[PDB]
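Worksheet: the structure to be examined is printed underneath.
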Amino acid sequence: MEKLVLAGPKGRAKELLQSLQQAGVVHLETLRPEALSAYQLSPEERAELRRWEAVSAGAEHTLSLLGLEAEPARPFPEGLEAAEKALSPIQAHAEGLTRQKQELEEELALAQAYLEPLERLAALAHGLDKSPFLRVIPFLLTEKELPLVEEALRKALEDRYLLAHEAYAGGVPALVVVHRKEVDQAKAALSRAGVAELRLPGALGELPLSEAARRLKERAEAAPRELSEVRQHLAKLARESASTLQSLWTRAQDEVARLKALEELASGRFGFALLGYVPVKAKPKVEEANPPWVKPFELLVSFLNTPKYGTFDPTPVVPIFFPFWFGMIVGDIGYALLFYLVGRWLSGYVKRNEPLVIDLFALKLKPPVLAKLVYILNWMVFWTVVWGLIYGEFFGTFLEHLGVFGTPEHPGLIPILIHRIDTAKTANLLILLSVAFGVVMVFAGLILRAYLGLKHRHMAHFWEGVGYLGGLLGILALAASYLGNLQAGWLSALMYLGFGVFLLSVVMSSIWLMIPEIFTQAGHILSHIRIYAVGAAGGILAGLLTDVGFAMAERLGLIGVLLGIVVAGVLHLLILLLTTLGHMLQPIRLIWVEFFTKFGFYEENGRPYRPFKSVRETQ
Amino acid sequence: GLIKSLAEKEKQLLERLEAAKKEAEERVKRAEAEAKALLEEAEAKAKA
Amino acid sequence: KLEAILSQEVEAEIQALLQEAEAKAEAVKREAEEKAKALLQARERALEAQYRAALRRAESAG
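Protein chains in written order, with PDB author numbering: chain N, 1 to 289, 323 to 652; chain I, 21 to 68; chain G, 3 to 64.
Spelled out as structure tokens, the structure:
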């Protein structure tokens with residue numbers, strides 16, 4: 001049989017063992033870390049690992065040069081010998097092509113800059129730059145500097161110096177021509193003004209001007225043609241063999257990871273460890289073992338199966354999000370109506386963007402792999418837009434009517450004149466309807482919170498978690514005495530007094546050394562109420578901006594207003610989007626009050642495992 | 021957890037290694053005794 | 003499972019070794035037989051010479 005080595009954590013010893021036991025692997029026996037010692041890699045093993053890293057790196061190097069890097073999930077099993085022989089010709093060829101290319105590009109950059117001055121300068125003293133009798137010194141002057149330089153030279157060098165200049169479109173390249181042995185004096189004069197000698201890089205700088213000028217003119221013409229070719233040969237090599245490198249990269253990487261695995265396990269850096277045996281047949285088999326609701330749930334099953342604390346499933350989160358999330362969309366005239374269209378561009382395809390190619394083949398701004406992952410997300414968006422179109426007629430219950438309100442289904446001048454969601458009675462009930470769901474979520478998090486300390490068997494969490502839920506009851510009690518006054522809520526004016534005893538009476542049994550801090554527990558209650566209220570009311574506000582964007586905001590309303598309002602409407606669209614996206618972050622802002630405060634959830638101030646925001650990114 | 025696994029291979033591995041030392045020693049001793057005795061006869065014969 | 007069997011994969015490498023050194027404990031003995039033997043070929047010829055010499059002397063004396 002094949003020997004196989006296993007690791008896991010101490011906490012899941014039994015759950016890991018049961019799963020492995022089932023999977024294919026048989027003869028599972030535990031091993032403590034002292035047993036794992038002395039099975040650290042021999043020097044030969046470390047040399048294979050070093051070499052596997054070179055191949056990994058070496059591909060990253062070749063593949064980056066050649067063009068773009070792409071990491072596939074497709075390796076190609078090969079030897080040490082096979083992978084290194086593959087890599088050596090292409091890296092060599094490509095290294096060589098990129099070097100030419102850099103030299104070609106630097107030469108162009110200098111030649112493009114300095115051809116016109118050197119031409120001018122060479123011309124001025126033509127055939128007198130290679131004479132010993134006369135000395136030439138080139139230098140650049142701006143219009144501003146030219147008088148100063150001339151004065152300085154003239155006093156220094158009398159009237160037996162020659163200052164000539166010729167233009168080039170902007171300043172003047174100037175040449176001063178002086179006798180041999182009058183060089184020091186000539187220089188000294190330039191140095192006092194702050195002007196210094198122009199010399200180019202390499203052989204050209206050192207060559208007579210006439211040679212330097214002829215050659216620069218030649219390099220500017222030649223380079224762009226040769227650059228084109230080198231870039232072409234390099235493109236072909238990527239095109240044909242970018243895959244070869246990518247497949248070496250993946251394979252090489254798998255071997256590096258395997259040998260690293262054995263060095264870690266060997267130093268007794270995994271707490272629960274197993275040894276077992278699999279026949280050759282069993283070896284694959286071990287590795288082997323309404324859409325809105327079902328679809329995200331089947332991917333979440335992978336997190337059902339790995340618990341980490343006294344926590345329960347992270348799955349209650351998704352159906353709390355959905356009603357509240359759909360009800361941020363409530364327009365029906367140029368808000369939800371426009372947004373319908375948006376859905377199709379993410380769940381179909383567009384080419385009206387540049388960084389985004391065709392979505393149907395998985396090509397977006399986001400990385401090509403990430404884009405294939407967020408298909409599910411894009412669907413979950415599509416389901417949100419769809420349901421929002423329905424809750425846009427729910428809103429139009431409170432608008433449209435031919436007798437209850439003073440605005441028809443569609444007036445014949447312009448659709449929508451004045452909104453009729455400005456009735457006082459109508460706004461309050463839609464806010465109070467919304468509040469009721471926030472309350473349901475307060476009970477559900479703290480009831481699980483208690484069950485958490487019961488099955489994690491820390492009484493200090495149980496006791497604190499039970500007590501805080503008493504305060505909700507007081508909070509609601511007190512509200513009723515003010516929402517109904519004494520006409521209603523005189524059925525909770527006496528229970529409230531005792532509701533207050535419950536908040537503190539269980540919490541004190543754990544003692545606790547910050548009694549004030551209970552104020553902040555009451556803060557969390559309050560938020561679920563305010564956020565659901567903001568979710569309705571701020572949602573409704575979204576619609577009331579659309580008054581002046583695709584509704585009467587010109588004349589008294591008339592036929593012309595229909596096609597006149599669209600001036601302001603388009604300008605209004607980007608403004609509208611930004612504030613309504615702000616509301617859609619409320620579901621997650623709500624979730625995190627409870628989730629990261631260990632209300633039947635994994636998190637509690639830090640600790641591995643993602644925020645649900647990132648989970649839902651892909652699901 | 022199970023100390024049984026790692027104990028019972030260690031003390032079977034220790035025996036395998038001791039048994040390697042055994043037949044290495046019980047051989048080198050012999051080879052020298054044989055060579056000692058061959059040449060003894062080659063002294064016994066040479067003088068005779 | 004391999005546990006007791008785990009030990010037979012070593013006892014097979016460390017049996018390869020012990021046979022390679024019983025393939026040297028044979029080579030050593032070969033060379034030592036070819037040595038012991040050659041010390042008596044020299045013994046044979048030198049005595050033969052001293053017996054050829056002793057009878058030749060005793061003839062010239064006679």
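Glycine included, C-beta positions come from ideal geometry on N, C-alpha and C.
With fewer than 16 neighbouring CB atoms inside 10 Å of its own CB, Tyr-53(G) falls in the exposed class. Under DSSP, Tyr-424(N) forms no beta bridge with any residue. In this structure, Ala-566(N) places its C-beta atom within 8 Å of the C-beta atom of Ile-464(N). From the beta-carbon of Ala-13(N), the residues of chain I found nearer than 8 Å are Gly-21.
Contact between the region 529–546 of chain N and the region 430–441 of chain N is not established, with fewer than three Cβ pairs separated by less than 8 Å. Leaving aside the five residues that flank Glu-229(N) on each side, none in its chain has a CB nearer than 8 Å to its CB. Cβ proximity to chain I below 9 Å picks out nothing from the region 384–409 of chain N. Put simply, the backbone Cα of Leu-42(G) is about 10 Å away from that of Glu-63(I). Below the 7 Å Cβ cutoff, chain N contributes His-27, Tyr-277 as neighbours of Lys-3(G), in chain order.
Under DSSP, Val-136(N) takes part in a beta bridge, and its partners are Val-177(N). Using a CB distance cut-off of 8 Å, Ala-510(N) does not count as an interface residue toward chain I. Note that the C-beta distance between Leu-140(N) and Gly-171(N) is below 8 Å.
Among the bridge pairs identified by DSSP, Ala-273(N) is matched with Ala-7(N). By the rule that beta-carbons nearer than 8 Å mark a contact, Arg-32(N) touches chain I. Following the DSSP letters along the chain, one finds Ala-51(I) inside the alpha helix (DSSP H) bounded by residues 24–67.
For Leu-537(N), the enclosing alpha helix (DSSP H) covers residues 529–538. Look at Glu-13(G): its C-beta is under 8 Å from a C-beta on chain I. In the three-state reduction of the DSSP assignment, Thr-339(N) falls in the coil class. If you compare the alpha carbons of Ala-70(N), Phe-427(N), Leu-466(N), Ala-213(N) with that of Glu-116(N), the shortest gap goes to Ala-213(N). In the structure shown, the three-state DSSP call for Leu-163(N) is strand. Here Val-183(N) is exposed. Its C-beta has fewer than 16 other C-beta atoms within 10 Å. About 6 Å separates the beta carbon of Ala-86(N) from that of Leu-248(N), a gap short enough to meet the 8 Å contact definition. Per DSSP, reduced to three states, the secondary structure at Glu-78(N) is coil, with no helix or strand assignment. Apart from the 5 residues on each side of it in sequence, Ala-220(N) sits with its Cβ closer than 8 Å to the Cβ of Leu-108, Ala-111, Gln-112, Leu-115 in its chain, given in chain order.
Taking the C-beta atoms as reference points, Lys-399(N) is found no nearer than 8 Å to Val-390(N). Closer than 8 Å to the CB of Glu-24(G) there is at least one CB belonging to chain I.
Taking 7 Å as the cut-off between beta carbons, the residues of the region 25–46 of chain I near chain G are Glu-28, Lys-29, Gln-32, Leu-33, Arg-36, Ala-40, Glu-43, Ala-44, in sequence order.
For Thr-244(N), the enclosing alpha helix (DSSP H) stretches over residues 209–266. Taking C-beta atoms under 8 Å as the contact rule, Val-499(N) and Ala-483(N) qualify, at a distance of about 5 Å. In terms of Cβ geometry, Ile-362(N) and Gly-429(N) do not form a close pair [threshold 8 Å].
Contacts with chain G (Cβ-Cβ distance below 7 Å) from the region 477–494 of chain N involve no residue at all. Only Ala-55, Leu-58, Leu-59, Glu-61, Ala-62, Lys-65, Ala-66 from the region 55–67 of chain I bring a Cβ to less than 9 Å from some Cβ of chain G. Within chain G, no residue has its beta carbon less than 7 Å from that of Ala-53(I); the closest one is some 12 Å off.
Judged by DSSP in its simplified three-state form, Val-600(N) adopts helix. Counting only unbroken stretches of 4 or more residues, the alpha helix (DSSP H) elements lying wholly within the region 465–507 of chain N are 492–500, in sequence order.
Taking all protein chains shown into account, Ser-467(N) has 16 or more neighbouring C-beta atoms within 10 Å of its C-beta and is therefore buried.
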